[PDB]
Amino acid sequence: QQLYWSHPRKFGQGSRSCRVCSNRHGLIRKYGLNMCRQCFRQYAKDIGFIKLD
Amino acid sequence: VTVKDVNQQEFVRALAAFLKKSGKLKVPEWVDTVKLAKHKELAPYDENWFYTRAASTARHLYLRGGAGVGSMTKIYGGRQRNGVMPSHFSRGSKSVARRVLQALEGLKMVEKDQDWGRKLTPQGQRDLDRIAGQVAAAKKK
Amino acid sequence: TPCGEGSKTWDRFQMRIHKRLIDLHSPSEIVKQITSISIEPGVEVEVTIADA
Amino acid sequence: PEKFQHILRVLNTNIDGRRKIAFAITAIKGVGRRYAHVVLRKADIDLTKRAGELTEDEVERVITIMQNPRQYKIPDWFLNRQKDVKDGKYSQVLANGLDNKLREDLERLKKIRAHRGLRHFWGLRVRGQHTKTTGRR
Amino acid sequence: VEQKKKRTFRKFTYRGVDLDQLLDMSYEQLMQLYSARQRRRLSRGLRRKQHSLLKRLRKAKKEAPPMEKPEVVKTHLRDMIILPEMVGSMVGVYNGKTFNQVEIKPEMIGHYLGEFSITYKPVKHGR
Amino acid sequence: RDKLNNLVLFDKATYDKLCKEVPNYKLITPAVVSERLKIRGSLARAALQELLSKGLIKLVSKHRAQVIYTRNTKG
Amino acid sequence: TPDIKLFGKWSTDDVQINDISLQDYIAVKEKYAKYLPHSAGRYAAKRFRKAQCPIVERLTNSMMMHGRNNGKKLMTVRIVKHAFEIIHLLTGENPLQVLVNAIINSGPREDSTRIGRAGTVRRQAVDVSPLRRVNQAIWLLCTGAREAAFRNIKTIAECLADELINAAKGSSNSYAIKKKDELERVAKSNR
RNA sequence: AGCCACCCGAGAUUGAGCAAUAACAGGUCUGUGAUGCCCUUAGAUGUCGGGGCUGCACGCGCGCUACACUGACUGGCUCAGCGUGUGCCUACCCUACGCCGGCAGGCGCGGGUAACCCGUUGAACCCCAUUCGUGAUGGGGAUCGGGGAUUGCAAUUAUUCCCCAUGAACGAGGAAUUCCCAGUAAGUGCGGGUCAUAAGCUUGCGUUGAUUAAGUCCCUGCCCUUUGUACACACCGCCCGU
């Protein structure tokens, strides 16, 4: 008997999350990545990012 | 010559006086109580400076292929005091800069031309050169 | 560092995308045809009708 | 090397050479540096001079323009209180009369029991910003 | 217990509009005049999806005589700006854990409900 | 630190003093004149600008921040 | 110009070094004459390099100290050029000759280095290198000029000029002289 | 083996990336539909409405803004670089250019997934002619009052921005203590990240640019032999008597 169970969000960090988990703070929205930094560390190999400097 | 060969400070002052002789500068109903830019902590000393700015703008446009409000605002702009936060660049009053561009256009010092905004008029090219000659004899610094 | 105590350690990854263009002038199809064949993986190649 | 003109009154303070005219005036409340500078420009008085220079004439001309600001084209935005809360106009408030209104507004919002009023009265910081380890020593 | 000449002596303008004129304008004509915080709320809100709350205000004002205040009408919102329609009601203004009951008098108009309810002590350390 | 002020009124006696003390100087700046008299520093400066239309003082700098005057040609 | 390279409105000629022990760290024409001082803006590249830098250039560099005034050479060059003019009016002469004399008179001879002696406060009398004597002198004089200017009407240019002239022939109104007399006196004493 | 100087000159003078053997109950179950056991689970600890993290008699740390004249003020001169952008898989751009407004801001166009357009990135420091005159002064912008706007459906407990007024301590910092050898310290702006709105943050970048060791093991830390040890959970250990 649902009547409300969503509320509009498009505001702050609370309107988005990682695409494998739910997380807040440090969400990379640049380049359409949409992953939290902690997850991005483990997948930084798979995107093609590399450290030389 | 280009205007750059002669003394730049003397050029703008000489041109500013030449503008006063013309007898019109299509002056604002502001500039007697103004904040002006937000880089200012004190209201302008006089209402004289409008001529000086106009001369400066005319010179700046002479250099370029055509430009409008944006170019003038950055040059006149400086450091903006943000209170107790770090001082940073900004761009101040746009009403005055726009008004100056309109007023110069009215006298036909500068006119709309290609590459957007106003570029110099041959009437202005002649005027600038005459004061350039006076300046050229005076010094070079 | 996950969970920030210790020292300030920062990691910076770069990714260097490289672009080049080449403007060929010669007739219609036989250009884009002879070029785009003989390659399949791993380097994007775009042939554009742009430029008159 | 002209003495001669000295000792001018703006409102309840003695104004003498010390600084440029504009700055000299700002002893009184309700006249900041910008206010006094713009009043002088309106009143056609060179503001680079001293307040031990200039006669009584110039002072009165300044006083009339400050206390009738609209009627001499000092705009409404430039005013300390715009539309006010007591008075339906737009008033420049000067001297001791600013202190009056400040008191009024604080009492006012203690009655009405508005957040600004209550915080100020109790000694808590009216702005919502940190006072965690600040607002003291 | 409602409207002007009654719980007021500070009077004059709130902000540009005298309480006389205010109380006999509608909120429509109020936001047009001198009102900037209120004006943003009403324009962007656009009657502001607090519908039922506002109707509960009118309801208990109606059913109570105009000689006395309502039966008290609670709300969870406290971002509500007092509009002349409301005035004379008695509003339970939630604080997320307490409803402070506040009669809305003619001096409160243009101010927020929230400013008359507290989440905060006078602050002590044994003081 | 410190507290030091000068007369900020343009006076009679100090202008006269200045012009009649003139062989003492060979270096003249606003600050010097200010110290040696009680004239302001600002109105030190201005007194010099007046003085230069006797030409008992000659310009040898004209810098924005502060100016340097000589007394006569070289003294 | 190639015959003699002058300063930018003063001469490099008639500058005499009035000491035989301070030679080869005082120069202005022994190759090192410049209209405008600036080498390349490094002086810490070699230990050799210090000899290259003349006393005039070293004095401009040492001046820019205390956070706001740091890293503004252009301001200092303008102040210094003004300072030379102030010296010239006050004593005639050549301002560079006044500068050289000031360095020689302000430079210490003996100083002290720490030496252990029971844990009591004693020190060993030692002579110091002429490079050190020049370096310390220039420091003292710049710090003196800045110190005066801070809460007084006079500008850095004026105070620097006053500081050099007083040191050039003693007056006991120069900071550098007063400090030097303390260092040499203490040196003589000790253990 | 190597060391020192000298020539050429980027000099045997750049900065990152890089980690062994092994230790640590360092931090993390709140990055993880990695996970053991436990709790709770339709009566939720699985979702919406509201408030607090933002409360201050006081202690601490990283900072920021300051204490001025290489500056406050009013005109004017004038040179950049690393990077970035819309038309995106849960939400969206940079703006030249026209007009209006002191300002905040409002409004019309057009180009550009881009060394095409923003951006000849004509930035700040700097340079210059004044004013002010070292005076808590106009240095400083604290606190407060009134008003305008921008962001959001919602700003109350200022989200932020602007306009005016009100115009604090602080005029160089004790006990103590950090960092630094060259485009370095210090001054100074800029771009990106967080993001509906919101930087005093951090990551890079160019600009202006020193004084000073030019060495050594004194203190401190770490690493070499030797020696001593009642130590071995290893001296923040042990270890005695009243």
# chains A, B, ... in the order shown; residues from 1 in each chain; ligands from 1

$ select_by_dssp --residues "chain D" --states "alpha helix (DSSP H)" --output "ChimeraX atom specification"
/D:21-25,33-42,56-66,96-111,115-122

$ residues_around --residues "range 87-97 of chain G" --least-positions-apart "6" --cutoff "12 Å" --atoms "only C-alpha atoms (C1' of nucleotides)" --output "ChimeraX atom specification"
/F:24-29,58,60,68-75 /G:6-7,9-18,26-29,33,54-57,59,80-81,103-104,157-166,168-169

$ write_last_selection --atoms "C-alpha atoms" --output "mmCIF file, in the first residue's frame"
data_model
loop_
_atom_site.group_PDB
_atom_site.id
_atom_site.type_symbol
_atom_site.label_atom_id
_atom_site.label_comp_id
_atom_site.auth_asym_id
_atom_site.auth_seq_id
_atom_site.Cartn_x
_atom_site.Cartn_y
_atom_site.Cartn_z
ATOM 1 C CA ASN F 24 70.928 74.072 5.837
ATOM 2 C CA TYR F 25 69.302 71.787 3.293
ATOM 3 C CA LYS F 26 70.909 70.304 0.234
ATOM 4 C CA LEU F 27 68.705 67.228 0.480
ATOM 5 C CA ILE F 28 65.015 67.947 0.761
ATOM 6 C CA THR F 29 62.304 65.311 0.829
ATOM 7 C CA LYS F 58 64.928 72.015 -8.031
ATOM 8 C CA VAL F 60 65.597 65.716 -9.493
ATOM 9 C CA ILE F 68 63.232 64.158 -4.073
ATOM 10 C CA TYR F 69 64.129 67.815 -4.316
ATOM 11 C CA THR F 70 67.554 69.423 -4.322
ATOM 12 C CA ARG F 71 68.201 72.848 -2.827
ATOM 13 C CA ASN F 72 69.227 75.115 -5.702
ATOM 14 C CA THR F 73 71.340 73.414 -8.412
ATOM 15 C CA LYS F 74 73.302 71.269 -5.967
ATOM 16 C CA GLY F 75 73.534 73.403 -2.829
ATOM 17 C CA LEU G 6 79.078 53.529 -15.513
ATOM 18 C CA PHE G 7 76.196 53.215 -13.080
ATOM 19 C CA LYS G 9 73.339 57.949 -13.363
ATOM 20 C CA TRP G 10 76.559 57.861 -11.319
ATOM 21 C CA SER G 11 80.142 56.966 -12.115
ATOM 22 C CA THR G 12 81.944 53.769 -11.146
ATOM 23 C CA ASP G 13 85.181 55.775 -11.343
ATOM 24 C CA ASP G 14 86.923 57.102 -8.234
ATOM 25 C CA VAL G 15 85.863 54.286 -5.916
ATOM 26 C CA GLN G 16 88.677 53.401 -3.553
ATOM 27 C CA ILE G 17 89.011 50.505 -1.148
ATOM 28 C CA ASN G 18 90.467 51.921 2.053
ATOM 29 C CA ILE G 26 84.767 44.731 -2.521
ATOM 30 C CA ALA G 27 84.629 45.596 -6.209
ATOM 31 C CA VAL G 28 82.617 47.764 -8.582
ATOM 32 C CA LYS G 29 84.969 48.135 -11.561
ATOM 33 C CA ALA G 33 80.800 47.386 -13.209
ATOM 34 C CA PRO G 54 79.787 42.933 -6.493
ATOM 35 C CA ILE G 55 78.900 44.807 -3.286
ATOM 36 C CA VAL G 56 76.228 46.921 -5.044
ATOM 37 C CA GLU G 57 74.268 43.868 -6.301
ATOM 38 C CA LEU G 59 73.159 45.216 -1.193
ATOM 39 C CA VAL G 80 68.214 51.932 -4.163
ATOM 40 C CA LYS G 81 68.626 54.269 -7.175
ATOM 41 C CA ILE G 103 81.297 48.652 4.537
ATOM 42 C CA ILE G 104 84.928 48.926 5.688
ATOM 43 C CA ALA G 157 65.788 55.072 0.572
ATOM 44 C CA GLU G 158 66.334 57.968 3.011
ATOM 45 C CA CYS G 159 67.148 55.758 5.992
ATOM 46 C CA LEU G 160 69.627 53.694 3.928
ATOM 47 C CA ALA G 161 71.360 56.905 2.819
ATOM 48 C CA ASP G 162 71.581 58.149 6.428
ATOM 49 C CA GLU G 163 72.864 54.730 7.578
ATOM 50 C CA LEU G 164 75.692 54.656 5.003
ATOM 51 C CA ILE G 165 76.894 58.242 5.638
ATOM 52 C CA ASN G 166 76.990 57.838 9.445
ATOM 53 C CA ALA G 168 81.297 56.095 6.368
ATOM 54 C CA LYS G 169 82.787 58.512 8.844
#

$ interface_residues --of "chain H" --to "chain A" --cutoff "10 Å" --atoms "only C-alpha atoms (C1' of nucleotides)" --output "list in words"
residues 15, 16, 17, 18, 30, 31, 32, 33, 47, 48, 88, 89, 90, 91, 152, 153, 193, 194, 195, 196 and 197 of chain H

$ interface_residues --of "chain G" --to "chain H" --cutoff "8 Å" --atoms "only C-alpha atoms (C1' of nucleotides)" --output "MDAnalysis selection string"
chainID G and resid 41:42 44:47 61:62 64:65 67:76 150:153 155

$ interface_residues --of "chain H" --to "chain E" --cutoff "12 Å" --atoms "only C-alpha atoms (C1' of nucleotides)" --output "PyMOL selection string"
chain H and resi 49-52+54-58+146-157

$ residues_around --residues "residue 8 in chain F" --least-positions-apart "5" --cutoff "9 Å" --atoms "only C-alpha atoms (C1' of nucleotides)" --output "list in words"
residues 16, 17, 18, 19, 50 and 52 of chain D; 38, 39, 40, 41, 42 and 43 of chain F
